[PDB]
Structures are given as structure tokens and as C-alpha cells.
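S.K.: Convert by adding 453 to the 1-based position in the sequence shown; the result is the number in our numbering.
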Amino acid sequence: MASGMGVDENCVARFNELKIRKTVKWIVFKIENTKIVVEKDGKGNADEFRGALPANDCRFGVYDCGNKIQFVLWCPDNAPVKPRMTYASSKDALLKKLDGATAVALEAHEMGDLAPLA
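1) So is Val534 buried or exposed if we call it buried at 16+ other beta carbons inside 10 Å?
2) Considering only residues of the same chain and omitting the five flanking positions on each side of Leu526, which have a CB-CB separation below 7 Å?
3) What's the gap between the Cα of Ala499 and the Cα of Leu570?
4) I'd like the span of the beta strand (DSSP E) that includes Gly514, first residue to last.
5) Do you know offhand how far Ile480's Cα is from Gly553's?
6) Count the other C-beta atoms from every protein chain shown that fall within 10 angstroms of the C-beta of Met458, then say buried if there are 16 or more, exposed otherwise.
7) If you reduce the DSSP assignment to three classes, tell me which class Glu470 lands in.
8) Have a look at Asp517 and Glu492 and give me their C-alpha separation to the nearest angstrom.
9) Can you tell me whether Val557 is buried or exposed, with buried defined as 16 or more other CB within 10 angstroms of its CB?
Now the structure itself:
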């Protein structure tokens, strides 16, 4: 839950999901206690990404932007101390696993984040 995360085979499923479609696979990967896994995957667009991302917990999603992979996550108001902390020192692993995932990512907790849903 801090540095040297656990890169699981799922960590790749995300990249292989947006790469195979290159259109929009909206893959939501959730990092567990010293491990990585995927929760969502199978096309859906912001429509599902905005109606799937739980507000009780934090979750990041990848989306082939053509050049880079801008993935943003919202901090849960139920207990951010968990994710806000883990995802903090864990972002490295993910940022490393991804392909071309620049620092354009965003991390903010607000209802307006899923309001426009793109």
C-alpha cells in the first residue's frame, strides 16, 4: 500500500483493453492491499465510467486518448485515508505499468467530476 506495489496480470488487461479497441474501453483498475486488479472493462464510455465509479471508494480508469492515457480518480468521502494514501505511493506502479500515461492525470473528489460525464 506504498511503493513497490503488486503488478498483477490485470494491470495489463487495462492497457490491452484500450489498445485492442483504441476507441474507448473505459477500464477501471482498483489497486488492493499490495496488488493490482481490474473491476470494469468492456467498452462503455464516460456513460458507464460516471455511473460505475463508486463514491465510497477511489478508482482509476484508463482511456486511449490517441497519444497519451489520461487517467483520473476521485477521492472517497467515506474514507480517503485509505486510497488517498495508498493510491498516493501506489500511483507509481500504475503510472509505470500504463503506456505513455503522462502526468496529465487528475485527482479530485467532487460530484461535478462525473456531472458532465464527457
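Every residue gets a Cβ at the ideal spot worked out from N, C-alpha and C, and that includes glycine.
M.R.: Walking through what the data contain:
1) exposed
2) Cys511, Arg512, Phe513, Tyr540 and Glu560
3) 5 Å
4) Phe513 to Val515
5) 16 Å
6) buried
7) helix
8) 18 Å
9) exposed
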